[PDB]
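Geometric and topological summary
If you want the building blocks of each chain, they are given just below.
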Amino acid sequence: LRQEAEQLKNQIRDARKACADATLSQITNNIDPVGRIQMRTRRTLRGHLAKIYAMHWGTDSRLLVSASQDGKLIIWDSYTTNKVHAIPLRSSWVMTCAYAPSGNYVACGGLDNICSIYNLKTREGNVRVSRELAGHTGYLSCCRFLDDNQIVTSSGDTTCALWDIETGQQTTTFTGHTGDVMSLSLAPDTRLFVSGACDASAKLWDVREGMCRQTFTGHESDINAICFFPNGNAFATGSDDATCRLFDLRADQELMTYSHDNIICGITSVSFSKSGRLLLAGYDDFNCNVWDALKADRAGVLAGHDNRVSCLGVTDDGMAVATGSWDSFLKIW
Amino acid sequence: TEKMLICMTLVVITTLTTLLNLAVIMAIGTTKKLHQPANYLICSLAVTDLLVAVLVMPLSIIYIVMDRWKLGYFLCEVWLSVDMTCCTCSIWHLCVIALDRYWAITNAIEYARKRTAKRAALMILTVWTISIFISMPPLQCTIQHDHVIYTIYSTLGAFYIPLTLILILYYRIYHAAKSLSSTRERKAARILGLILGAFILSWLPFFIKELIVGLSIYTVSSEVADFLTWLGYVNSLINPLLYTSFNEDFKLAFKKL
Amino acid sequence: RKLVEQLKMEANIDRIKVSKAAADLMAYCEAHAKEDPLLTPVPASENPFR
Amino acid sequence: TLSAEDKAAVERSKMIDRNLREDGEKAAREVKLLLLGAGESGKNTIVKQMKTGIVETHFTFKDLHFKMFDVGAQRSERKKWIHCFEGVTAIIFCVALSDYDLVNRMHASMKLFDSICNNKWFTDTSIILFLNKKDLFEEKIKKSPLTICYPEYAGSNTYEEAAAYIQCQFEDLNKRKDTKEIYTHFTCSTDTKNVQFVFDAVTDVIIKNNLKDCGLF
Amino acid sequence: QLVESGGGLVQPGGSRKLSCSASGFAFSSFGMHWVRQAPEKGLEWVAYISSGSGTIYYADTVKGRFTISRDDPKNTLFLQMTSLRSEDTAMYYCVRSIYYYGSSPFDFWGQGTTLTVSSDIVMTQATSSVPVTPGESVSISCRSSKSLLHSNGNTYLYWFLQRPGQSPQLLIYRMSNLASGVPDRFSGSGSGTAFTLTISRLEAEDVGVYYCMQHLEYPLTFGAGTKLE
Ligand SMILES: CN1CCC(c2c[nH]c3ccc(O)cc23)CC1
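Residues numbered from 1 in each chain as written, not as in the entry; some residues may be left out. Chains lettered and ligands numbered in written order. Heavy atoms only, no water.

Structure determination for this PDB entry is given in the record as cryo-EM, at a resolution of 2.9 Å.

As named in the PDB entry, chain E is scFv16, taken from Mus musculus.

Counted only if it meets this: UniProt positions are given in the numbering used here, feature names are shortened, and annotations may be inferred rather than shown by experiment.
As recorded by the PDB entry, chain A carries the name Guanine nucleotide-binding protein G(I)/G(S)/G(T) subunit beta-1 and is attributed to Homo sapiens. Checking UniProt for chain A, the heading Function (literature references left out) contains the comment "Guanine nucleotide-binding proteins (G proteins) are involved as a modulator or transducer in various transmembrane signaling systems. The beta and gamma chains are required for the GTPase activity, for replacement of GDP by GTP, and for G protein-effector interaction." Under the UniProt heading Sequence similarities, the note attached to chain A is "Belongs to the WD repeat G protein beta family."

Following this line, the structure appears as C-alpha cells:
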C-alpha cells in the first residue's frame, strides 16, 4: 500500500504547481511597505524568577497569563502591571499555558502529561485545580482553550487530543503526526486548528470529527511556532531552520517565506497582528523581529530581552504585543 | 614640563578610575544576574572607590600641583577625615570581600543560607562604622603625627590587621582550591598572587613610610610621600579590574554595555 | 497502514488558485490596517499602555 | 491617582511579590538534580533507595534538600525538552554494568552520555555518573569476557580492570573536560554511602561554582 | 461562611470583643470590612483591614476608638471595641472582600450580630419607598455628591439588597457587573454622577432594602435604603 504513496504525493505536488499561477512576492510588489514599525517597551512585567516558556493574552486585551519553571502561573494586569493571581503548580515543569476565552479558566502543562485547568472564578478565592487532563504519554507542548468546556491539547506523543473539562476524558484524538507536536493554533471561527510538529510538517484538523483536512510541508527542520492569520484562511509557522513560512489553507501550500542571512537560528514563537499585515515571531540570540506579512520585509526589531524570546502574544484588539523570554521578564510593546 | 606631565598623568589616572567605577556600578545595577551578596559587596567597594575618586582626587591634584593649599582652614580637616574614612572603608571592603569568598568556598553549604542582602548590608555598615571609628579621633595643611599612640593604633587597625586577615583568608582559599591538567590551578594561583601583589605594592609602602614618619625614624621627603599616596590611591583604579574582569558574569555585563 | 488512506482523503480536497487567495489576503490586510494599532502608532491619549 | 480598590489591588500585588520572592529564595537553596540513563539502568532503584511523565523525588541529606527529575518516562524528542534542565546543579547518570553483553544497551547508554554531556545546555553542568549493578558485573564477567562487545579491550577479564576501562571510556566521551567534571561512582547497593557521595559531589559542584564566581575556576 | 460572636447588652463607655470566624474560603487572601446597621437606619461602614493587615482604615465616627486585627492561622477576624458610645448600638456585619481586576468586593456578607448599649461622598435615596408587585418593573435611583467615574473608567459603585431578617447581599458591583448568583433581572447603569438600578420582571424574593454604596475613596458610605413591598 506504500508503493502508491510516492505517486499520490507527486500528483499532489503537480496539482499544487499547476494551481500556483502566481506568488505573493510578485502580487504585493506594488503595495507600499509598512515602513519602520518602531515599538517601545511600554511595560516590563517583573516577578518571575525562572525561565518563561509560554504566555497567553486575554480576550479583554488586559489580563495575560505566563508560565515559568518556578511552578506557578501569574495573571498580570498589563494596564497596571498588577499581579491579579498567583497560581502554584503541582508540577514545576510547565511548558504551555492558556487563558480561557471567557476568562473563567486557565490551563497549563509541560513535562507532566496533564493540561491542568485552573478556575479563576473559584468561590473560595484561592485558585484550585478544576480538572487534570491525564492520558498523554509525552510532554505537553500546548493546550489551547475552545470554550469553558472544550480544550485541545498537543504533546510529545506525536498526537493531539480534544478533552471535555467536565468529563475529564478525551472525546476526539488526532493522529497522523510523525514528529512531536510543539504548538497549536485555533482559528477565529473555532472550527479548525493547525498543529506544528518536529517532522517539519503542519497539519489542519477538524475538531468535530478529528480528520486531517490538509498537510503542509516545506520547512527544513522542526516546527516550534504556529499562529493563524486573523481572517482564518492562512497561518504562519516558525521552525528551527530560521525561516518563517506562510501557509494558506485554501491554497494548501506555502505563500511567503521570511528569512534573513543575519538570522541563523530557529524560531520559538509566532503571532499575527489584528490586521495580519505584521508578522511577529520570537527568535534566538535574544531579540525579536517583525516581518511584513505581504512584503516579507523586516519591518522592525523588538530588542531588549536578555534571553531567548520563548513566547510571543498579541492582544485580540492588537493594542499591544507582549513577548516573554527566558530572562524571566515579559515586555509589552 | 615636569609639573605638566604630572598633571596629565594624575588627571588621566583619576578620570579612568571614576569612569571605571561608574561603569562597574551601572553594569551591576542594570544586570539582574549581578544581584548577589558578593556582587553587592563588590558594588559597595566600587561606590567607595568612586567617592574617594570624586571627593579626594580633585583636591589631591589641586594640592599637588600647587603646594600652598589654602582652600579653607576648616576644609583641610574635613578633607583629611574623608580621605582617611574612604581609604579605610576601601581596605575593609577588600577584607570583608575576602572573608565572604573564604566562607563561600569553605562553608559553601552553611554559608549559603546566610548569603543574603541583609548580610551584605550588615558587612557594609560595620565596615563604615570601623572606618569612622578610626577616623574620628583627629576630629600644606596635612595630618600631623603629634600622638604616637593614635597613629600606631590607626595604622594597625586600618591596613595591618586587615592585611593579615586578607593574607590568611587568601591562603586558606588557595589551600582549599589546591586540595579540591593543572592549568586551572595555575590560573587560580596566578589570580590570587596578582591580587595580593597589587594590594601590597599599592598600599604597604605608604603605611611603611607612615610608620617611619610617625615614629620619627626618618624624615620622609614630600615628593616620596606624595608618590606613595598616589600609589595607594591607584588601588581604587585597580580594584574594579581585579574584582570584575575575572568574573564571567561581569564579563557579560561589560560586553552588553 | 492508515497513512495511505489519510493521504488519499487529503488529496480529494478542493483546490484553489494562488492569485485569488493572495488578492483576498491583501484586501483583508488593507481593510484592517486602519484598525491595527501596531501598524499605525495609536495616540498616547487612546493608548492604555504608557 | 489610584482609587481605593486600585490601592488594594496594588497591595495584593505587593503581597504576591513578597510570596514570589520568598518562594524563589527557598528554591535557590534547593538542589536540582537531573536523572538520566537507559531504560533498565536502575535509575528507578536508585530513586527508590534514596526515597507516565516526569517524576519529581524530593529528599534531604545534611541540611540540603534535593529534588531529582526522573525523565526516563519521556519517550519524546530529547532536544525539545532537555533545555528546561539548564539550571540543574548536576546531572545524575545511571548505567547498568551487567548489560554489557545484553541485547548492546551499553552502546545506547554511551550514546546517551555523549548526547547529554556534550549538549550546549549542559556545557557547564557536571555529571554525577553511576555504575549500577556491579554485583552482576563481577560474576557475569567471569563467564562472559568483556571482549565480546569491544575487541579493543585488552588485559585479563577482571572486574577491577574492566570497570576501570569502562570508566575511562566514559570520561573519554567528555568534550568539555576543562569546563565540566564527571563524578563516577558505583552504587554497590549502599544507601548511606551512595547518598554521602551524592552530597559530596553537590558540595564540590557548589564550591566550584563559588570559585567561578570568584574567577578562580 | 461567616459567623459573628461577641455581642450582648453593654453599658455606656464599655468595651467588648467581636469575633468573626471565617470558614469555607481563603480568609488570608480576602480583605475584611465591618458594617454596622442600626435597628431601623441604613448600613454604616465601620472599618476595613486589608489582607495581611498591611493597610487598616477606620471611619471618622470610630477613628481612634475601634481597632481591627486579623489572625490568619485561626481564620478569625477581630474587632476590639473600647469606649462604646450610646449611638454605637447597631447590628455588626462581617463583610468579605477581595480587590483585583474583575473581582467582586463585598460579595459575601456574614449573618451579623446585634449589639445594644444601655468631604466624604454622600449617597441620596430620597425615593425611600416604591411599592411594587410581582411581574412589575421598578427602578431605584441613586445620586452622589462626587463623580464616581475614575480616570481609569471604572465607576466604583455597589448595590446591596437586604431581605427582611437577612444580611445584605451584593447585587451589582462597579455599576455594570452582576455578582455571582444574582439573577439577570437586575441591571445597572448611570452617568458620572447620576445612577439608577433597573429591575425587570420583579418577583417575590426581590423584596428587600436596596443600598447604594460608593468605593471611590474611604471612608465608604451607604445610601438611606429603598424599601420595596
Ligand atoms: C591618601 N590617603 C591614603 C590613606 C591614608 C590613611 C588611611 N588610614 C590611615 C591611618 C593612619 C595614617 O597615618 C594614614 C592613613 C590617608 C591618605
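Text resumes after the structure shown.
1. Re the overall build of chain E
Which entries qualify depends on this criterion: Going along the chain from the N terminus, every DSSP run of H or I of four or more residues is numbered as a helix, and every run of E of two or more is numbered as a strand. Here the globule rule reads 2.2 Å times residues to the power 0.38, and the radius of gyration is calculated from C-alpha atoms. In these tables, accessible area is a Shrake-Rupley quantity obtained with a 1.4 Å probe, and a residue counts as shielded only by the protein chains included in the view. For the purpose of counting charges, residues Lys and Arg are taken to be positive, whereas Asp and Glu are taken to be negative. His and the chain ends are not included. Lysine's charge is taken at NZ, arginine's at CZ, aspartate's at CG and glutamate's at CD.
What chain E contains, in helices and strands, is zero helices and 21 strands. Compactness check: chain E gives a C-alpha radius of gyration of 17 Å against a globular reference of 17 Å for 229 residues, within 12% of the reference. In terms of overall dimensions, chain E has a C-alpha envelope of 45 × 40 × 35 Å along the principal axes. Surface summary for chain E: the accessible area is close to 9,600 Å², and the carbon and sulfur share equals 49%. With 17 positive and 17 negative side-chain charges, chain E shows a spacing of 5 Å between the two charge centroids.

2. Some points on the sheet that holds strand β12 (residues 123-124) of chain E
All names here are of chain E. Worth spelling out the cut-off: Paired strands, in this sense, are two strands between which DSSP finds at least two bridges.
Within the open sheet, the four strands sit side by side as β12-β13-β18-β17. Their pairing is antiparallel. Both edges of this open sheet fall to β12 and β17 (186-190), since each of them pairs with a single strand only. By the bridge criterion, two bridges tie β12 to strand β13 (residues 138-144) in an arrangement that is antiparallel. From the neighbouring strand, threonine 124 faces β13, where its bridge partner is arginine 143.

3. Here's the deal with a positive patch on the surface
We apply this condition: Only residues whose relative accessible area exceeds 30% and that form no salt bridge enter a patch; like-charged residues are grouped when within 9 Å of one another, and nonpolar side chains (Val, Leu, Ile, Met, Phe, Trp, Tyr) when within 5 Å. For salt bridges, the criterion is a side-chain nitrogen of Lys or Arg within 4 Å of an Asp or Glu carboxyl oxygen.
Together, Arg36, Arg40, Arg42 and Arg298 of chain A make up a region of like positive charge exposed at the surface. Topologically, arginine 298 of chain A is positioned in strand β25 (residues 298-303).

4. Section: unusual backbone geometry
As a reminder, the rule being used: Burial classes: relative accessible area under 20% of the type maximum marks a residue as buried, over 50% as exposed, and values in between as partly exposed (1.4 Å probe, protein chains only).
A cis amide bond links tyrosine 218 of chain E to the next residue, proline 219 of chain E, at an omega of 0°. You can see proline 219 of chain E is positioned in the loop between β19 (208-214) and β20 (221-222). The backbone of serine 216 of chain B shows a phi angle near 65°, a positive value even though the residue is not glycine. By the element assignment, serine 216 of chain B lies in the loop between α8 (183-214) and α9 (222-244). Given a relative accessible area of 60%, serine 216 of chain B falls into the exposed group.

5. Focus on the interface of chain C and chain A
The cut-off we apply is this: Residue contacts are defined here by distance: any two heavy atoms, one from each residue, within 4.5 Å place the two residues in contact. Buried surface area refers to the total accessible area, computed with a probe of radius 1.4 Å, that the two partners give up upon joining, counted for both partners together. Throughout this description, a polar contact denotes any pair of N or O atoms lying within 3.5 Å of each other; where both atoms belong to protein, one of them has to be capable of donating a hydrogen while the other can accept it, and for residues adjacent in sequence the pair is counted only when both atoms sit in side chains.
Each partner contributes residues to the interface: chain C has 36 residues there, and chain A has 56 residues. Each partner contributes to the roughly 4,100 Å² buried at the junction of chain C and chain A, and carbon and sulfur atoms together form 69% of this total. In this assembly, chain C and chain A are joined by two salt bridges. In this structure, the salt-bridge partner of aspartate 252 of chain A is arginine 15 of chain C, at a minimum N-O distance of 3.2 Å. Between chain C and chain A we count ten residue pairs in polar contact in total. Those elements giving two or more residues to the side of chain C that touches chain A turn out to be α1 (2-11) and α2 (18-33) of chain C.

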